[PDB]
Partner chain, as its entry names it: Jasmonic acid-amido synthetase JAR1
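Shown next as structure tokens: one chain only, the form solved without its partner chain.
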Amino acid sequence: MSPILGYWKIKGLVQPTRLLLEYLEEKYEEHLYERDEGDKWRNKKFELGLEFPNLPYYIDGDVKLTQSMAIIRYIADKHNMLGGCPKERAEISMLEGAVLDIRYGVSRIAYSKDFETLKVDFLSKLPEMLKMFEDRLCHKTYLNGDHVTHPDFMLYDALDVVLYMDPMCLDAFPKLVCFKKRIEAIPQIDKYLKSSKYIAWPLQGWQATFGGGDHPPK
């Protein structure tokens, strides 16, 4: 039957996976845990059949899975989007890891009380990481050419997130700005972002120093 995706009701780690499932027009069900609901999770945690229990989880009936990169690579694998030969596979994993540098970079420093002095240091590395993708897109429509791969939806969620932290970071990167409007003009993604299912905030878990609460940026 329909797979289950389970996570906190935040963007977090699972947001690139939802956009991929949306692009692909795949049916899936979500178990969302709200913030008062830690207890729900800790009870179900061990009775779900996961060998490495954690959130997000993905259950299929062929598969019971818990790492967010194992889940989005599996859904893309199932649709033949993962690579092709070792070299194409490795290219897509290098794109994957270069956007995890920007995204887990926000996460490292969110939740520290020192976020504000941490902000300034992260933001001075960010333009060199951004220039690498701006140059990649110089001749491509999507990160690996004319076709959408799962790293495209990971880079859309990282640009969405560093723009709350500094609204001006993409001025200077015009290809990156068009790539963001290009993902939003994909009709399945436009429909989802206007949906009742879209979760616009928080970015991080509700207790972070940046991207938490039920708010406003920085």
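In this text, the rigid core denotes the largest set of C-alpha atoms whose superposition between the two forms falls within 1.5 Å. Numbering follows the first chain given and starts at 1.
Although not depicted, the form solved in complex with its partner chain is the subject of the following passage.
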* If you check in the entry with it bound, do 10, 34 and 43 all have a non-hydrogen atom within 4.5 Å of its partner chain? -> no
* Asked: Which residue among 26, 184, 166, 30 has a heavy atom within 4.5 angstroms of its partner chain in the entry with it bound?
  -> 184
* To do: Tell me, yes or no, whether residue 206 is in contact with its partner chain in the entry with it bound, where a contact means a heavy atom of each within 4.5 Å.
  => no
* Is residue 39 close to its partner chain in the entry with it bound, meaning a heavy atom pair under 4.5 Å apart or at it? -> no
* Does any heavy atom of residue 193 come within 4.5 Å of a heavy atom of its partner chain in the entry with it bound? -> yes
* To do: Classify residue 48 as contacting or not contacting its partner chain in the entry with it bound by the rule of any non-hydrogen atom within 4.5 angstroms, answering yes or no.
  => no
* To do: Align both forms on the core first, then report whether residue 41 has a C-alpha shift of 2 Å or more between this form and the one not shown.
  => yes
